[PDB]
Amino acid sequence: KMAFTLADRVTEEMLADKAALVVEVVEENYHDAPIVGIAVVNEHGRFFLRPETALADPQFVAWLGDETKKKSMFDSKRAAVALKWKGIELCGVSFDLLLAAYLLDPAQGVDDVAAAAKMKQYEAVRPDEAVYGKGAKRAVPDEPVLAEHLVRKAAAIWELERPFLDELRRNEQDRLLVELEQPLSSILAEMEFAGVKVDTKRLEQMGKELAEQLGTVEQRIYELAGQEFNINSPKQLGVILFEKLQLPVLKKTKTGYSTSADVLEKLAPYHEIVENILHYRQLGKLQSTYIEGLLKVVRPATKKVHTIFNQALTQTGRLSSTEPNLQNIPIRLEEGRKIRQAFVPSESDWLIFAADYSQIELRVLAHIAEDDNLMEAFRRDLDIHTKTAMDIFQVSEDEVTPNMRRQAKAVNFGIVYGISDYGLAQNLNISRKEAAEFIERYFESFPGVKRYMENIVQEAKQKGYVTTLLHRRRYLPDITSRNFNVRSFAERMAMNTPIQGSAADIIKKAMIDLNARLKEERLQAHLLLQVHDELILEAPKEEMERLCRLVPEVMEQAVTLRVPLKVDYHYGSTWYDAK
């Protein structure tokens, strides 16, 4: 019902200088995953190619790797990484329909070509789920069915580039696609393929020690409980805490008693068992998610873990990281932080180098809000988190601990993103009127921040969306909802998205600038991870001194704001040591 050549060999007319290209990888995790078929649509026709022939054809491989032969694709990072695992380089991607759809409207949740095509009233293509099936029934269909699907997806991409580019241009997002997200996709593909090396001997020994400590704590909980029970069972735990031990009920869930850590911490004066339950959970969290989970995904022959950075998922323009998530490796408690000792350089005599933007969203907010006092604070290189901790806990600078500062951090961001007196009082364990007067004092010091938050909510109502500094967009239909609670969540999104999203814009530009600089200096150093406002690299030890000057400078100069950007950086023989 769509014509195409089911080709047995590659021909010259398949190798035009512009084409839509589909390199199909069906497995969710595309690392070392099979390529099940290829389609090309260009000015000369539509073609389906079997990968075992196309990817062993030297002319097709050369075409793939020629940056002057332009390809339009959907999720080009998936194809590039899968091809890297086949020993093949993909260059010349000039249009990525996934990233274009994501910029136009992140809320569509576009996960396949059919979903993107629907945005422009193109429906001559099926959803991938309809072709491949779900769950245990998922399967590559018969070749004529597969080939037509890949050809229809390629035809859709061929047709849709122009209407997507037109709307991107109207939104002031066409350079955001072509000069930011598409170049970033290639950099992320390199990062994911490189992977991070793991010291599995250390992780395994940590897991054995964790298991013993878990037993010791488990028994102590049984003794304090007077009985043995399933500590992981909410119904049993709730019974033990709030029926057998008769502890106060401070909070309920939709199905029973809450036992979240904030509740447990508040019950510490009443019974020693609650702090043991906290210790028990934290140990089990390390064991399940970061020892066992990481060992499950390490590639045994190389001892590398290969995350996938989802570039078209979050509603603010951040990345997310999956299987494993390398953006939430423990750091705040000392026993958890030691997991980072298992993240090592991939070569001998290389080291890990980490750099982080200082107080990034507050600096962005100062610029965007043009708050005279907040701008002056960063022009003085003040630490606003430390300043707030001094005021909260009524201490001097010298006596601010790592945990007090992390708590003042939640107060700072809470207040500028709409926390209520109730929420603030519940976080600082202070009276509600003390919380409300602190918030009032806060906005007396930063009245330009308060004005900005009022103005941006009105702007979201008037336009229907908010934007970031590099013109990322988020629609907020609920901002005019009649329901107070629905409308309120949308107002806090209007407050937060331009700030968090602009910080996401800045680090993405920094990554592109950094790679260009590393190439220009002919350095072996390369990116391994991004953690929202942090970049992690590895490099030969002989490159560290040059990197200490290079990397902070590129990051600091990525954009020019009304306040300085500041970068903290460290290096060491493991990720643990790079701080």
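Numbering starts at 1 and follows the sequence shown.
Peer 1: Taking the recorded C-alpha temperature factors, which stretch has the higher mean, 371-379 or 430-438?
Peer 2: Of 430-438 and 371-379, the stretch with the higher C-alpha B-factor average is 430-438.
Peer 1: On mean Cα temperature factor in this entry, is 510-518 or 56-64 the higher one?
Peer 2: The deposited B-factors put 56-64 ahead on the C-alpha mean.
Peer 1: Whose CA atom has the top B-factor in the entry, of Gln182, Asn496, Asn455, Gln407?
Peer 2: If I rank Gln182, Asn496, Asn455, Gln407 by C-alpha B-factor, first place goes to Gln407.
Peer 1: Between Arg451, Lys304, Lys201, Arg175, which carries the biggest CA temperature factor in the record?
Peer 2: Highest C-alpha B-factor among the listed residues goes to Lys201.
Peer 1: Using only modelled residues of the chain, where does the Cα B factor of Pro127 rank: lowest third, middle third or highest third?
Peer 2: Tercile = lowest for this residue's CA B-factor.
Peer 1: Rank-wise, by C-alpha B-factor, drop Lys266 into the lowest, middle or highest third of its chain.
Peer 2: Ranked within chain, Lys266 CA B lands in the highest tercile.
Peer 1: Within this chain's modelled residues, let me know which third the CA B factor of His44 belongs to: lowest, middle or highest.
Peer 2: Its C-alpha B-factor, which the entry lists for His44, ranks in the highest third among residues of this chain.
Peer 1: Could you say whether, by C-alpha temperature factor, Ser233 belongs to the lowest, middle or highest third of its chain?
Peer 2: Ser233: CA B-factor falls in the highest third of its chain.
Peer 1: If you rank the chain by CA B-factor, which third does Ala504 end up in: lowest, middle or highest?
Peer 2: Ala504: CA B-factor falls in the lowest third of its chain.
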